[PDB]
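Visitor:
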Amino acid sequence: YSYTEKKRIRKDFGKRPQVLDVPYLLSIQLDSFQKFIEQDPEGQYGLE
Amino acid sequence: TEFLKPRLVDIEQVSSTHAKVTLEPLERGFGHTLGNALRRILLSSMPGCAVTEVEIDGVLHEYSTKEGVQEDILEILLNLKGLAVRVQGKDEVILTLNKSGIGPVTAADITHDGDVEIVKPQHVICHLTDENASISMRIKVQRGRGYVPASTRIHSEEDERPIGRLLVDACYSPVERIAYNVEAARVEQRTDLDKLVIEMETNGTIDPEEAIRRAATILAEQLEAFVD
Amino acid sequence: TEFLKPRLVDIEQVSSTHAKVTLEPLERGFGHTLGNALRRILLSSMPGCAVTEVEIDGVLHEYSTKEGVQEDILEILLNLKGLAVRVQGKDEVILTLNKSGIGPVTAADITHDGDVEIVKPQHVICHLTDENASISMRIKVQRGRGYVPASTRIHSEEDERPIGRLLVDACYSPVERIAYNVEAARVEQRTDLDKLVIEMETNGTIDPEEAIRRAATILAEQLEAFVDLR
Amino acid sequence: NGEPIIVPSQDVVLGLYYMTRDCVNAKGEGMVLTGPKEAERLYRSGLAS
Amino acid sequence: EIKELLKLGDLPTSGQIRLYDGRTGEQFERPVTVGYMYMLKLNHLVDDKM
Amino acid sequence: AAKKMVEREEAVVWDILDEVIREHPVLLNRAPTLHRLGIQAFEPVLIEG
Amino acid sequence: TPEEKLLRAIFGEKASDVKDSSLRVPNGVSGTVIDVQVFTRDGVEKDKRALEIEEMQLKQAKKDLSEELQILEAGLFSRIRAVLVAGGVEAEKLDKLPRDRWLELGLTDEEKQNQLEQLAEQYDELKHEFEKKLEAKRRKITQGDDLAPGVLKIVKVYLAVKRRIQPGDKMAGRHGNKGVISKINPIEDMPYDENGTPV
Amino acid sequence: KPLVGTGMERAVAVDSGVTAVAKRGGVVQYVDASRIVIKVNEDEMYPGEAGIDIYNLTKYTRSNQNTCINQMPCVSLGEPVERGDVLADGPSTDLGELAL
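Protein chains in written order, with the deposited numbering: chain A, 3 to 50; chain B, 6 to 233; chain C, 6 to 235; chain D, 495 to 543; chain E, 1194 to 1243; chain F, 396 to 444; chain G, 896 to 1094; chain H, 697 to 796.
1. Go ahead and pull the three-state DSSP assignment for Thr101 of chain B.
2. Output yes or no for whether 8 Å exceeds the beta carbon distance between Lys755 of chain H and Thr70 of chain C.
3. Compare the C-beta of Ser788 of chain H with all C-beta atoms of chain C and state if any pair is closer than 8 Å.
4. Spatial neighbours of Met768 of chain H within its chain, please: CB distance less than 8 Å, with the 5 preceding and 5 following residues excluded, ordered by chain position.
5. Go through its chain and collect everything with a Cβ distance to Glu778 of chain H's Cβ below 8 Å, but skip five positions before and after it.
6. Beta carbon of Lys200 of chain B, beta carbon of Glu32 of chain B: below 8 Å?
7. Closest to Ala216 of chain B by C-alpha separation, out of B:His66, B:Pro11, B:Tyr152, B:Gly53, would be which residue?
8. So the candidates are D:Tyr537, D:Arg535, D:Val526; which of them puts its Cα closest to the Cα of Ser156 of chain B?
9. Can you tell me whether DSSP reads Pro213 of chain B as helix, strand or coil?
10. According to the neighbour-count rule (16 or more other Cβ atoms, all chains shown, within 10 Å of its Cβ), is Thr207 of chain B buried or exposed?
11. Would you mind sorting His430 of chain F into buried or exposed? The rule is 16 or more other CB atoms within 10 Å of its CB.
12. DSSP state of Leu794 of chain H, grouped into three classes?
13. Determine whether the beta carbon atoms of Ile115 of chain C and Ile123 of chain C lie at a separation below 8 Å.
14. If you measure from the beta carbon of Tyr177 of chain C to each beta carbon in chain G, is any gap under 8 Å?
15. Sort C:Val56, C:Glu60, C:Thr27 by Cα distance to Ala175 of chain C and report the nearest one.
16. Quick one: is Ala784 of chain H near chain G, going by C-beta distance under 8 Å?
17. Does the separation of the CB atoms of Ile748 of chain H and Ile966 of chain G fall below 8 Å?
18. Taking only runs of the alpha helix (DSSP H) that begin and end inside the stretch 131-175 of chain C, which ones reach a length of at least 4 residues, in chain order?
19. Is the CB of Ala406 of chain F under 8 Å away from at least one CB in chain B?
20. By the three-class DSSP mapping on this structure, what secondary structure does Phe231 of chain C have?
21. Can a CB atom of chain C be found closer than 8 Å to the CB of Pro769 of chain H?
22. For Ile159 of chain B versus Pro179 of chain B, is the C-beta spacing smaller than 8 Å?
23. How far does the beta strand (DSSP E) with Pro52 of chain C in it extend, from its first residue to its last?
24. Could you tell me which chain C residues have their CB closer than 7 Å to the CB of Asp749 of chain H, listed as they occur along the chain?
25. Looking at C-beta atoms only, is the number of pairs between the stretch 921-934 of chain G and the stretch 942-949 of chain G that lie closer than 8 Å three or more?
26. Could you give the first and the last residue of the continuous beta strand (DSSP E) run that contains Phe1025 of chain G?
27. May I ask you to list, following chain order, the residues of the stretch 417-444 of chain F that have a beta carbon less than 9 Å from some beta carbon of chain B?
28. Considering just the uninterrupted stretch of the alpha helix (DSSP H) at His37 of chain B, what are its terminal residues?
29. Quick one, which residues of the stretch 18-42 of chain B are near chain E if we go by CB-CB under 7 Å, in chain order?
30. Near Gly522 of chain D, what residues of its chain come up, given a Cβ to Cβ distance below 8 Å and the 5 sequence neighbours on each side ignored?
31. Looking at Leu13 of chain B: is its Cβ nearer than 8 Å to the Cβ of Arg44 of chain C?
32. Candidates B:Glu162, B:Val90, B:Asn137: which alpha carbon is nearest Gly119 of chain B's?
33. Check the Cβ-Cβ distances between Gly774 of chain H and every residue of chain A, and say whether any is below 8 Å.
34. Tell me which residues share the same chain as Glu775 of chain H and place their Cβ nearer than 7 Å to its Cβ, disregarding the 5 neighbours each side in the sequence.
35. Tell me the DSSP secondary structure of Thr1092 of chain G in three-state form.
36. Between the beta-carbon of residue 240 of chain C and the beta-carbon of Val59 of chain C, is there less than 8 Å?
This is how it looks when you write it as structure tokens:
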């Protein structure tokens, strides 16, 4: 446990283990605008 | 840090034994305090005199029936519970009733004493069906506080009582029904204040306003030790 | 009419804030009556001292930050709303608070007067996070009863207030929790007598016996209008 | 229809149902009361359910 | 698990305690569910609707 | 002068409002008014809030 | 208004006596004022209050940039004294020397000397970008705002209302258990347990 | 913070971008109500920079729905933080947990 997570540990009642953690929740908008605005050699997306 | 004393606005005399007093304004949440205190004190602490025991000849329990009367001795015990009485001097007066002939025996037919008077002489105890039907009983009047029922009375007494000692519910307090409510009242701007409306109906032996003043007397004499 | 009367027999000061007051003896049926009446009166209508206005030097409104303090000014005003203090002498006093250097600012750093007793010197107010960062305020402490918000106070403020004087809501009442019980009393000739243990939890700014004395005084003065005229 | 639109709903209904609903050995069973005012007196004093 | 946690905290395992009326002082007849729920203040404020 | 008196909300303005309100019904209506009992008349009681 | 429109008709519209058109707080809305912002059109002299707000923004931006420069300078000088203590045994001769003479002294060329040189160039480009950003911020806040056509100046007032709950407010839990506050009861009237804690 | 939550509270409060998470791990040097300065640890430090992170906080900014947005520092003076640690709370967060 980290030194900021030892401050208040929430007692989890879950039984199944977290195999895959919850991803970045705003990946869709940021990934779409990054694909639109970035520069790409041959896999052409967006402005190019 | 001074309080809002109530200034009485109404004493509505509905009947001779009925009153709707009204008290406005009070501080917020004081109507329930005063109303519940007065209702608790009147219901379970106001002392008086009432019928506590009656011994009718020939009868051994409350479900057996003495002849000559059209209503049961359960109705007789009910009408003797409903009788209102006031003893001046003593705390133990045995009332003896004797009657015969066609006609309902009322509360005026009791062999009265000097220190015991009836406020409702037209209170009918039971009706008689025969000219030769005779009724003799020994009504006992004690002095107690509030309401003492016959179930608690027969839990308390344990000796083998003589035959005819029928337990009747002892309703010592003169108030028959008290029911209050809290309404809304207002001094010039603020509307959080309240208005206490106490509806009281009693039997005889006391006035309703006299009983409210007696309950306030009882509470003030209970509080008077730790008062600044 | 053969009733007995209760007296204050003892007081169990569990802490500075907690107390248990026993009334003894009580008749059969009066324990719940006196307990509920004293509970409602002691919960609604006790007087006390609460922080009314704060004037922090160099601060215009509550929605600003001062350079050096870790807390916001609004959180500082909330901490000063939580301040417990009693005033023996007067009805309104102004307390000054100065502090400098790194460290928590508590109520013990308030420059006390002769008649002002702060019953919790370990109550934190703000923090300071620099050697050259100082705070300075002026806390007006009044006396009232009940809960008076700042909006109703402004609608009761016929005077004129400068810009920079912050207003706090005033929770004047010093009583926080009351529990009562009706236990049977041990009387050598009577069995229908009771004892009323009133478990009073305060903020340390009211005496238990003084609070019960003033509550019974309030109840008797309210019952005067019943006992006099119908 | 001719039916009343002022019907009590769910809280008045729960209260009057709890009021009128009986029980077999509650408290103060088998008494003989002078009337509804004595029944109200018994309930508010706590000698009957 | 909820009842074992309530028995750890020295609480009634049925989650229902005895409550008293604040006005009459009397006890409610049936045991009442008392606990801590997370309540939100929504953005439909009567200052904005009046 | 009456407009600035109501604009400053004197205690006599609240007293005159208490006199005006009495025995003057208002209509309370909730949309959608599907049947005719979606508008009804009531005698108003002045409340805070 | 038609109360005085007939009085401006039959007596005469004065072509004078200008109209009150002030920005007022809406009715039933209290609250303090936390920020004012005046956007004047580029070209005209602004006002005394707009000039005062602009001087406040100027000294605030200068204080902010100088404070972040001092903080970054303290961090860079602490890294300089750490890497020179790791290099050579120079402790008191750098404490009694001023912090301006922390980047020129040392010893012969090693990895810590290259680190000291590149951190000195970092400090030089740091103060260069500091004064460049300060002049850019100064010209950015002294240049005017190209507003809409037909607009002389806009004043933006920011209120701050603190709203307490009251009867009428919609409250909700996380399970679709919504509803409206009907009454704010006193704590002596609320129901309580055997310990006297009301709900 | 809710007494009965789920565990998605910290995920929402960090991934919403409304808090102020730490970019690099280190010790905290100065906490105001509007500025948090963190001296970065040496292993997470680039060799060309000063190793100082500045976290300016937003204080009393009107949102789109005319609500309040202000960030309050949740760390104290001298405490250590790691990469990904919540330093300032959001409008309706508390210690990096969502609190509505």
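We treat Cβ as the ideally placed atom computed from N, Cα and C, and that holds for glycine.
Guide: Let me lay it out:
1. On the second sequence, residue 101 of chain B is found 96 positions in, with the first residue counted as 1. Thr101 of chain B falls in the strand class under three-state DSSP.
2. Indexing the eighth sequence from 1 puts residue 755 of chain H at position 59. Indexing the third sequence from 1 puts residue 70 of chain C at position 65. Judged by beta-carbon spacing, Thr70 of chain C lies within the 8 Å limit of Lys755 of chain H, meaning their Cβ atoms are closer than that value.
3. Walking along the eighth sequence from the start, residue 788 of chain H turns up at place 92. Answer no: the Cβ-Cβ gap between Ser788 of chain H and chain C never drops below 8 Å.
4. Translated into positions along the eighth sequence, residue 768 of chain H becomes position 72. When the five nearest sequence neighbours on each side are left out, the beta carbons in the same chain lying within less than 8 Å of the beta carbon of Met768 of chain H are those of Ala729, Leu753, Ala784, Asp785, in order along the chain.
5. Reading the eighth sequence from its first residue, position 82 is the one you call residue 778 of chain H. Residues of the same chain with a CB within less than 8 Å of the CB of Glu778 of chain H, apart from the 5 flanking positions on each side, are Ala718, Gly721 in chain order.
6. By 1-based counting over the second sequence, the position of residue 200 of chain B is 195. By 1-based counting over the second sequence, the position of residue 32 of chain B is 27. One thing to note: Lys200 of chain B has its Cβ no nearer than 8 Å to the Cβ of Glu32 of chain B.
7. Walking along the second sequence from the start, residue 216 of chain B turns up at place 211. B:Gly53 is the residue among B:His66, B:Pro11, B:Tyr152, B:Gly53 whose C-alpha sits nearest the C-alpha of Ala216 of chain B.
8. As a working note, residue 156 of chain B is residue 151 in the second sequence. It is D:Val526.
9. As a first step, residue 213 of chain B is located in the second sequence; it is residue number 208 there, counting from the start. Helix, per DSSP.
10. Here the question's residue 207 of chain B lines up with position 202 in the second sequence. Per the 10 Å Cβ criterion, buried.
11. Reading the sixth sequence from its first residue, position 35 is the one you call residue 430 of chain F. Residue environment analysis places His430 of chain F among the exposed positions, since fewer than 16 neighbouring C-beta atoms fall within 10 angstroms of its C-beta.
12. Within the eighth sequence, numbered from 1, the residue matching residue 794 of chain H stands at position 98. Residue state, collapsed to three classes: strand.
13. Position 110 of the third sequence, counting from 1, holds the residue named residue 115 of chain C. Position 118 of the third sequence, counting from 1, holds the residue named residue 123 of chain C. Contact: yes.
14. Reading the third sequence from its first residue, position 172 is the one you call residue 177 of chain C. It does not; no Cβ of chain G falls within 8 Å.
15. In the third sequence, the residue the question calls residue 175 of chain C occupies position 170. Measuring from the Cα of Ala175 of chain C, the nearest candidate turns out to be C:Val56.
16. The residue you call residue 784 of chain H lines up with position 88 of the eighth sequence. Not closer than 8 Å to any Cβ of chain G, the Cβ of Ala784 of chain H fails to qualify, so no.
17. In the eighth sequence, counting from the first residue as 1, residue 748 of chain H sits at position 52. In the seventh sequence, counting from the first residue as 1, residue 966 of chain G sits at position 71. Their beta carbons are under 8 Å apart, which means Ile748 of chain H touches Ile966 of chain G by this criterion.
18. With a minimum length of 4 residues, the continuous alpha helix (DSSP H) runs that stay inside the stretch 131-175 of chain C are 155-160.
19. What you label residue 406 of chain F is simply residue 11 of the sixth sequence in a count that begins at 1. For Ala406 of chain F, the answer is yes, since a Cβ of chain B falls inside 8 Å of its Cβ.
20. Position 226 of the third sequence holds residue 231 of chain C. Helix.
21. For the purposes of this step, residue 769 of chain H is identified with residue 73 of the eighth sequence, where counting begins at 1. So yes, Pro769 of chain H belongs to the interface.
22. Residue mapping note: residue 159 of chain B aligns to position 154 of the second sequence, counting from 1. Residue mapping note: residue 179 of chain B aligns to position 174 of the second sequence, counting from 1. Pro179 of chain B is positioned such that its CB atom lies no closer than 8 Å to that of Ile159 of chain B.
23. Position 47 of the third sequence, counting from 1, holds the residue named residue 52 of chain C. Boundaries of the beta strand (DSSP E) around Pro52 of chain C: 52-61.
24. Reading the eighth sequence from its first residue, position 53 is the one you call residue 749 of chain H. Against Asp749 of chain H, chain C offers no close residue; the least beta-carbon distance is about 17 Å (beta-carbon pairs closer than 7 Å).
25. Because the criterion of three Cβ pairs below 8 Å is met, the stretch 921-934 of chain G and the stretch 942-949 of chain G touch.
26. Start at 1 with the first residue of the seventh sequence, and residue 1025 of chain G comes out as number 130. That residue, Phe1025 of chain G, is in no beta strand (DSSP E); its alpha helix (DSSP H) goes 1006-1037.
27. So the list reads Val440, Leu441, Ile442, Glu443, given in the order they occur along the chain.
28. The sequence position of residue 37 of chain B within the second sequence is 32, counting from 1. Boundaries of the alpha helix (DSSP H) around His37 of chain B: 35-49.
29. Those would be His37, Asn41, in chain order.
30. Position 28 of the fourth sequence holds residue 522 of chain D. The beta carbon of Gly522 of chain D sits closer than 8 Å to those of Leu536, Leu541, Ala542, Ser543, all from its chain and outside the five residues before and after it, given in chain order.
31. Mapped onto the second sequence, residue 13 of chain B falls at position 8. Mapped onto the third sequence, residue 44 of chain C falls at position 39. At the C-beta level, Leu13 of chain B and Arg44 of chain C stay beyond 8 Å of one another.
32. Taking the second sequence and counting its residues from 1, the one referred to as residue 119 of chain B is at position 114. That would be B:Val90, whose Cα lies nearest to the Cα of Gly119 of chain B.
33. Indexing the eighth sequence from 1 puts residue 774 of chain H at position 78. At a cut-off of 8 Å between beta carbons, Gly774 of chain H makes no contact with chain A.
34. Taking the eighth sequence and counting its residues from 1, one reaches residue 775 of chain H at position 79. Cβ neighbours of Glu775 of chain H beyond the five flanking positions: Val724.
35. Your numbering for residue 1092 of chain G matches position 197 in the seventh sequence. Of the three classes helix, strand and coil, the one that applies to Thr1092 of chain G here is coil, per DSSP.
36. Look at the range of chain C in this structure, 6 to 235, and you will see that residue 240 of chain C is not part of it.
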